[PDB]
>>> print(open('data-v6.cif').read())   # mmCIF, N, CA and C atoms
data_input
loop_
_atom_site.label_atom_id
_atom_site.label_comp_id
_atom_site.auth_asym_id
_atom_site.auth_seq_id
_atom_site.Cartn_x
_atom_site.Cartn_y
_atom_site.Cartn_z
N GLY J 1 -16.39 -12.31 -1.96
CA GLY J 1 -15.65 -12.14 -0.68
C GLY J 1 -14.82 -10.85 -0.75
N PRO J 2 -14.57 -10.27 0.40
CA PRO J 2 -13.78 -9.02 0.46
C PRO J 2 -12.30 -9.28 0.15
N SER J 3 -11.55 -8.25 -0.11
CA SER J 3 -10.09 -8.43 -0.42
C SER J 3 -9.23 -8.28 0.83
N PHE J 4 -7.95 -8.51 0.72
CA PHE J 4 -7.06 -8.38 1.90
C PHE J 4 -6.43 -6.98 1.92
N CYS J 5 -6.97 -6.09 2.70
CA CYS J 5 -6.40 -4.71 2.77
C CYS J 5 -6.58 -4.12 4.17
N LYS J 6 -5.51 -3.69 4.77
CA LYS J 6 -5.62 -3.05 6.11
C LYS J 6 -5.51 -1.54 5.94
N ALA J 7 -5.54 -0.81 7.02
CA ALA J 7 -5.44 0.67 6.92
C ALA J 7 -3.98 1.10 6.84
N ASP J 8 -3.72 2.37 6.95
CA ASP J 8 -2.31 2.86 6.90
C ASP J 8 -1.70 2.80 8.30
N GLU J 9 -0.44 3.15 8.40
CA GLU J 9 0.30 3.09 9.71
C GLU J 9 0.63 1.64 10.08
N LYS J 10 -0.23 0.71 9.77
CA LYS J 10 0.06 -0.71 10.10
C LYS J 10 1.43 -1.09 9.54
N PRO J 11 2.36 -1.30 10.43
CA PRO J 11 3.74 -1.62 10.02
C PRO J 11 3.84 -3.07 9.56
N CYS J 12 4.58 -3.30 8.52
CA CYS J 12 4.73 -4.69 7.98
C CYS J 12 5.83 -4.74 6.92
N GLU J 13 6.15 -5.91 6.42
CA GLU J 13 7.26 -6.04 5.41
C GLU J 13 6.79 -5.74 3.97
N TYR J 14 5.63 -6.20 3.56
CA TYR J 14 5.19 -5.95 2.15
C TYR J 14 3.92 -5.10 2.09
N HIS J 15 3.66 -4.48 0.97
CA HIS J 15 2.42 -3.62 0.85
C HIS J 15 1.25 -4.45 0.30
N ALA J 16 1.53 -5.49 -0.45
CA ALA J 16 0.45 -6.34 -1.04
C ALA J 16 -0.74 -6.51 -0.08
N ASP J 17 -0.48 -6.80 1.17
CA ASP J 17 -1.60 -6.99 2.16
C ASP J 17 -1.93 -5.66 2.86
N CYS J 18 -1.99 -4.58 2.13
CA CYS J 18 -2.30 -3.26 2.75
C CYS J 18 -2.78 -2.29 1.68
N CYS J 19 -3.78 -1.50 1.97
CA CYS J 19 -4.27 -0.53 0.93
C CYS J 19 -3.35 0.69 0.80
N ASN J 20 -2.10 0.57 1.20
CA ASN J 20 -1.14 1.71 1.08
C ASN J 20 0.24 1.13 0.75
N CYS J 21 1.26 1.51 1.46
CA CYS J 21 2.61 0.96 1.18
C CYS J 21 3.35 0.68 2.50
N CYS J 22 3.76 -0.53 2.73
CA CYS J 22 4.50 -0.81 4.00
C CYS J 22 5.93 -0.34 3.82
N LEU J 23 6.29 0.74 4.45
CA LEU J 23 7.68 1.26 4.30
C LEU J 23 8.45 1.09 5.60
N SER J 24 9.53 1.84 5.77
CA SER J 24 10.40 1.77 7.02
C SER J 24 9.77 0.93 8.14
N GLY J 25 8.63 1.33 8.62
CA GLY J 25 7.96 0.55 9.70
C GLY J 25 6.52 1.02 9.84
N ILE J 26 5.79 1.10 8.74
CA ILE J 26 4.37 1.57 8.81
C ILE J 26 3.71 1.55 7.42
N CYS J 27 2.44 1.23 7.35
CA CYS J 27 1.73 1.22 6.02
C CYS J 27 1.42 2.66 5.61
N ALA J 28 2.17 3.20 4.70
CA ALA J 28 1.94 4.62 4.27
C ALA J 28 1.47 4.68 2.81
N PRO J 29 0.45 5.47 2.56
CA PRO J 29 -0.09 5.61 1.19
C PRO J 29 0.79 6.55 0.33
N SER J 30 1.49 7.48 0.94
CA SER J 30 2.34 8.44 0.16
C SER J 30 3.55 7.73 -0.47
N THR J 31 3.33 6.86 -1.43
CA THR J 31 4.46 6.15 -2.08
C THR J 31 4.19 5.97 -3.59
N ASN J 32 3.97 7.05 -4.30
CA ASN J 32 3.70 6.94 -5.77
C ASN J 32 4.10 8.23 -6.50
N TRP J 33 5.15 8.88 -6.08
CA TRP J 33 5.59 10.14 -6.77
C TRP J 33 7.07 10.39 -6.53
N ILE J 34 7.51 10.27 -5.30
CA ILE J 34 8.96 10.50 -4.99
C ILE J 34 9.61 9.23 -4.42
N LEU J 35 8.84 8.37 -3.81
CA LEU J 35 9.40 7.12 -3.22
C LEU J 35 8.76 5.89 -3.88
N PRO J 36 9.59 5.04 -4.44
CA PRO J 36 9.08 3.82 -5.11
C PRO J 36 8.57 2.80 -4.08
N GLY J 37 7.40 2.27 -4.28
CA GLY J 37 6.84 1.28 -3.32
C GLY J 37 5.66 0.54 -3.95
N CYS J 38 4.55 1.20 -4.14
CA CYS J 38 3.37 0.52 -4.75
C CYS J 38 2.56 1.51 -5.57
N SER J 39 2.54 1.34 -6.87
CA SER J 39 1.77 2.29 -7.73
C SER J 39 0.26 2.17 -7.45
N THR J 40 -0.31 3.12 -6.76
CA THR J 40 -1.78 3.05 -6.48
C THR J 40 -2.57 3.58 -7.69
N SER J 41 -2.39 2.98 -8.84
CA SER J 41 -3.10 3.44 -10.06
C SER J 41 -4.44 2.72 -10.20
N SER J 42 -5.43 3.37 -10.74
CA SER J 42 -6.76 2.72 -10.91
C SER J 42 -6.70 1.66 -12.02
N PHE J 43 -5.98 0.60 -11.79
CA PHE J 43 -5.88 -0.47 -12.83
C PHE J 43 -6.90 -1.57 -12.56
N UNK J 44 -6.99 -2.03 -11.33
CA UNK J 44 -7.97 -3.11 -10.97
C UNK J 44 -9.41 -2.59 -11.13
N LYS J 45 -9.85 -2.39 -12.34
CA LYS J 45 -11.24 -1.88 -12.56
C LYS J 45 -12.18 -3.03 -12.95
N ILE J 46 -13.42 -2.72 -13.21
CA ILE J 46 -14.40 -3.78 -13.61
C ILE J 46 -15.23 -3.31 -14.81
#
>>> encode(input="data-v6.cif", output="C-alpha cells")
Amino acid sequence: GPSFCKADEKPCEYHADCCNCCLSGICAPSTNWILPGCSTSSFXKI
C-alpha cells in the first residue's frame, strides 16, 4: 500500500503526514538547514 504523503504548500499542524514540513501555515520542504522541522535524510531505505 502507498504511504501517507501530500504535496507542499498544504497547510497543517504536523509534517508526519506530508512529504515536506508543515510550518507557519503551509507544507514547506525547505526545513533541514536553517529551520528545525523535519530532517529529510535518506534513512527510510530498503
>>> resolve_selection(input="data-v6.cif", expression="the PyMOL selection byres (((chain J and resi 13-25 and name CA) around 10) and name CA)", output="PyMOL selection string")
chain J and resi 3-12+26-32+35-40
>>> select_by_dssp(input="data-v6.cif", residues="chain J", states="strand (DSSP E or B)", output="short mmCIF file (atom, residue, chain, number, x, y, z; two decimals) with N, CA and C atoms, keeping the file's coordinate frame")
data_model
loop_
_atom_site.label_atom_id
_atom_site.label_comp_id
_atom_site.auth_asym_id
_atom_site.auth_seq_id
_atom_site.Cartn_x
_atom_site.Cartn_y
_atom_site.Cartn_z
N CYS J 22 3.76 -0.53 2.73
CA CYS J 22 4.50 -0.81 4.00
C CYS J 22 5.93 -0.34 3.82
N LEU J 23 6.29 0.74 4.45
CA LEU J 23 7.68 1.26 4.30
C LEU J 23 8.45 1.09 5.60
N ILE J 26 5.79 1.10 8.74
CA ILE J 26 4.37 1.57 8.81
C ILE J 26 3.71 1.55 7.42
N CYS J 27 2.44 1.23 7.35
CA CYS J 27 1.73 1.22 6.02
C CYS J 27 1.42 2.66 5.61
#
>>> atom_distance(input="data-v6.cif", atom1="CA of residue 46 in chain J", atom2="CA of residue 33 in chain J")
25.3 Å
>>> atom_distance(input="data-v6.cif", atom1="CA of residue 2 in chain J", atom2="atom N of residue 41 in chain J")
19.0 Å
>>> build_atoms(input="data-v6.cif", residues="range 9-34 of chain J", atoms="N, CA, C and O atoms", output="PDB file, in the frame of the given file")
ATOM      1  N   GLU J   9      -0.440   3.150   8.400  1.00  0.00           N
ATOM      2  CA  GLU J   9       0.300   3.090   9.710  1.00  0.00           C
ATOM      3  C   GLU J   9       0.630   1.640  10.080  1.00  0.00           C
ATOM      4  O   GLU J   9       1.680   1.364  10.617  1.00  0.00           O
ATOM      5  N   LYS J  10      -0.230   0.710   9.770  1.00  0.00           N
ATOM      6  CA  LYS J  10       0.060  -0.710  10.100  1.00  0.00           C
ATOM      7  C   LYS J  10       1.430  -1.090   9.540  1.00  0.00           C
ATOM      8  O   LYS J  10       1.636  -1.133   8.340  1.00  0.00           O
ATOM      9  N   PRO J  11       2.360  -1.300  10.430  1.00  0.00           N
ATOM     10  CA  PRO J  11       3.740  -1.620  10.020  1.00  0.00           C
ATOM     11  C   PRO J  11       3.840  -3.070   9.560  1.00  0.00           C
ATOM     12  O   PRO J  11       3.222  -3.962  10.125  1.00  0.00           O
ATOM     13  N   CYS J  12       4.580  -3.300   8.520  1.00  0.00           N
ATOM     14  CA  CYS J  12       4.730  -4.690   7.980  1.00  0.00           C
ATOM     15  C   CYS J  12       5.830  -4.740   6.920  1.00  0.00           C
ATOM     16  O   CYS J  12       6.420  -3.724   6.582  1.00  0.00           O
ATOM     17  N   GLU J  13       6.150  -5.910   6.420  1.00  0.00           N
ATOM     18  CA  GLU J  13       7.260  -6.040   5.410  1.00  0.00           C
ATOM     19  C   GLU J  13       6.790  -5.740   3.970  1.00  0.00           C
ATOM     20  O   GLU J  13       7.512  -5.123   3.208  1.00  0.00           O
ATOM     21  N   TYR J  14       5.630  -6.200   3.560  1.00  0.00           N
ATOM     22  CA  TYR J  14       5.190  -5.950   2.150  1.00  0.00           C
ATOM     23  C   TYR J  14       3.920  -5.100   2.090  1.00  0.00           C
ATOM     24  O   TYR J  14       3.174  -5.006   3.042  1.00  0.00           O
ATOM     25  N   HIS J  15       3.660  -4.480   0.970  1.00  0.00           N
ATOM     26  CA  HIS J  15       2.420  -3.620   0.850  1.00  0.00           C
ATOM     27  C   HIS J  15       1.250  -4.450   0.300  1.00  0.00           C
ATOM     28  O   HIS J  15       0.100  -4.118   0.536  1.00  0.00           O
ATOM     29  N   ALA J  16       1.530  -5.490  -0.450  1.00  0.00           N
ATOM     30  CA  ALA J  16       0.450  -6.340  -1.040  1.00  0.00           C
ATOM     31  C   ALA J  16      -0.740  -6.510  -0.080  1.00  0.00           C
ATOM     32  O   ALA J  16      -1.886  -6.386  -0.474  1.00  0.00           O
ATOM     33  N   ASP J  17      -0.480  -6.800   1.170  1.00  0.00           N
ATOM     34  CA  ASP J  17      -1.600  -6.990   2.160  1.00  0.00           C
ATOM     35  C   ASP J  17      -1.930  -5.660   2.860  1.00  0.00           C
ATOM     36  O   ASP J  17      -2.110  -5.612   4.065  1.00  0.00           O
ATOM     37  N   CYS J  18      -1.990  -4.580   2.130  1.00  0.00           N
ATOM     38  CA  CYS J  18      -2.300  -3.260   2.750  1.00  0.00           C
ATOM     39  C   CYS J  18      -2.780  -2.290   1.680  1.00  0.00           C
ATOM     40  O   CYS J  18      -2.246  -2.250   0.590  1.00  0.00           O
ATOM     41  N   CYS J  19      -3.780  -1.500   1.970  1.00  0.00           N
ATOM     42  CA  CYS J  19      -4.270  -0.530   0.930  1.00  0.00           C
ATOM     43  C   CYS J  19      -3.350   0.690   0.800  1.00  0.00           C
ATOM     44  O   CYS J  19      -3.758   1.733   0.328  1.00  0.00           O
ATOM     45  N   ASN J  20      -2.100   0.570   1.200  1.00  0.00           N
ATOM     46  CA  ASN J  20      -1.140   1.710   1.080  1.00  0.00           C
ATOM     47  C   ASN J  20       0.240   1.130   0.750  1.00  0.00           C
ATOM     48  O   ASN J  20       0.367   0.311  -0.137  1.00  0.00           O
ATOM     49  N   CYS J  21       1.260   1.510   1.460  1.00  0.00           N
ATOM     50  CA  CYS J  21       2.610   0.960   1.180  1.00  0.00           C
ATOM     51  C   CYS J  21       3.350   0.680   2.500  1.00  0.00           C
ATOM     52  O   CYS J  21       3.557   1.575   3.295  1.00  0.00           O
ATOM     53  N   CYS J  22       3.760  -0.530   2.730  1.00  0.00           N
ATOM     54  CA  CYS J  22       4.500  -0.810   4.000  1.00  0.00           C
ATOM     55  C   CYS J  22       5.930  -0.340   3.820  1.00  0.00           C
ATOM     56  O   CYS J  22       6.702  -0.946   3.094  1.00  0.00           O
ATOM     57  N   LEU J  23       6.290   0.740   4.450  1.00  0.00           N
ATOM     58  CA  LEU J  23       7.680   1.260   4.300  1.00  0.00           C
ATOM     59  C   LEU J  23       8.450   1.090   5.600  1.00  0.00           C
ATOM     60  O   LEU J  23       8.066   0.291   6.431  1.00  0.00           O
ATOM     61  N   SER J  24       9.530   1.840   5.770  1.00  0.00           N
ATOM     62  CA  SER J  24      10.400   1.770   7.020  1.00  0.00           C
ATOM     63  C   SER J  24       9.770   0.930   8.140  1.00  0.00           C
ATOM     64  O   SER J  24      10.312  -0.083   8.541  1.00  0.00           O
ATOM     65  N   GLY J  25       8.630   1.330   8.620  1.00  0.00           N
ATOM     66  CA  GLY J  25       7.960   0.550   9.700  1.00  0.00           C
ATOM     67  C   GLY J  25       6.520   1.020   9.840  1.00  0.00           C
ATOM     68  O   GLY J  25       6.063   1.301  10.924  1.00  0.00           O
ATOM     69  N   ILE J  26       5.790   1.100   8.740  1.00  0.00           N
ATOM     70  CA  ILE J  26       4.370   1.570   8.810  1.00  0.00           C
ATOM     71  C   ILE J  26       3.710   1.550   7.420  1.00  0.00           C
ATOM     72  O   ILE J  26       4.353   1.812   6.415  1.00  0.00           O
ATOM     73  N   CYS J  27       2.440   1.230   7.350  1.00  0.00           N
ATOM     74  CA  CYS J  27       1.730   1.220   6.020  1.00  0.00           C
ATOM     75  C   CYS J  27       1.420   2.660   5.610  1.00  0.00           C
ATOM     76  O   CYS J  27       0.512   3.268   6.121  1.00  0.00           O
ATOM     77  N   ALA J  28       2.170   3.200   4.700  1.00  0.00           N
ATOM     78  CA  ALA J  28       1.940   4.620   4.270  1.00  0.00           C
ATOM     79  C   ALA J  28       1.470   4.680   2.810  1.00  0.00           C
ATOM     80  O   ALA J  28       2.029   4.018   1.957  1.00  0.00           O
ATOM     81  N   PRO J  29       0.450   5.470   2.560  1.00  0.00           N
ATOM     82  CA  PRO J  29      -0.090   5.610   1.190  1.00  0.00           C
ATOM     83  C   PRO J  29       0.790   6.550   0.330  1.00  0.00           C
ATOM     84  O   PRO J  29       0.827   6.436  -0.881  1.00  0.00           O
ATOM     85  N   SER J  30       1.490   7.480   0.940  1.00  0.00           N
ATOM     86  CA  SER J  30       2.340   8.440   0.160  1.00  0.00           C
ATOM     87  C   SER J  30       3.550   7.730  -0.470  1.00  0.00           C
ATOM     88  O   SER J  30       4.688   7.962  -0.094  1.00  0.00           O
ATOM     89  N   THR J  31       3.330   6.860  -1.430  1.00  0.00           N
ATOM     90  CA  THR J  31       4.460   6.150  -2.080  1.00  0.00           C
ATOM     91  C   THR J  31       4.190   5.970  -3.590  1.00  0.00           C
ATOM     92  O   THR J  31       4.175   4.865  -4.098  1.00  0.00           O
ATOM     93  N   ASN J  32       3.970   7.050  -4.300  1.00  0.00           N
ATOM     94  CA  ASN J  32       3.700   6.940  -5.770  1.00  0.00           C
ATOM     95  C   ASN J  32       4.100   8.230  -6.500  1.00  0.00           C
ATOM     96  O   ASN J  32       3.449   8.644  -7.448  1.00  0.00           O
ATOM     97  N   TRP J  33       5.150   8.880  -6.080  1.00  0.00           N
ATOM     98  CA  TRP J  33       5.590  10.140  -6.770  1.00  0.00           C
ATOM     99  C   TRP J  33       7.070  10.390  -6.530  1.00  0.00           C
ATOM    100  O   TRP J  33       7.810  10.709  -7.441  1.00  0.00           O
ATOM    101  N   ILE J  34       7.510  10.270  -5.300  1.00  0.00           N
ATOM    102  CA  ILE J  34       8.960  10.500  -4.990  1.00  0.00           C
ATOM    103  C   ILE J  34       9.610   9.230  -4.420  1.00  0.00           C
ATOM    104  O   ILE J  34      10.811   9.040  -4.531  1.00  0.00           O
TER     105      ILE J  34
END
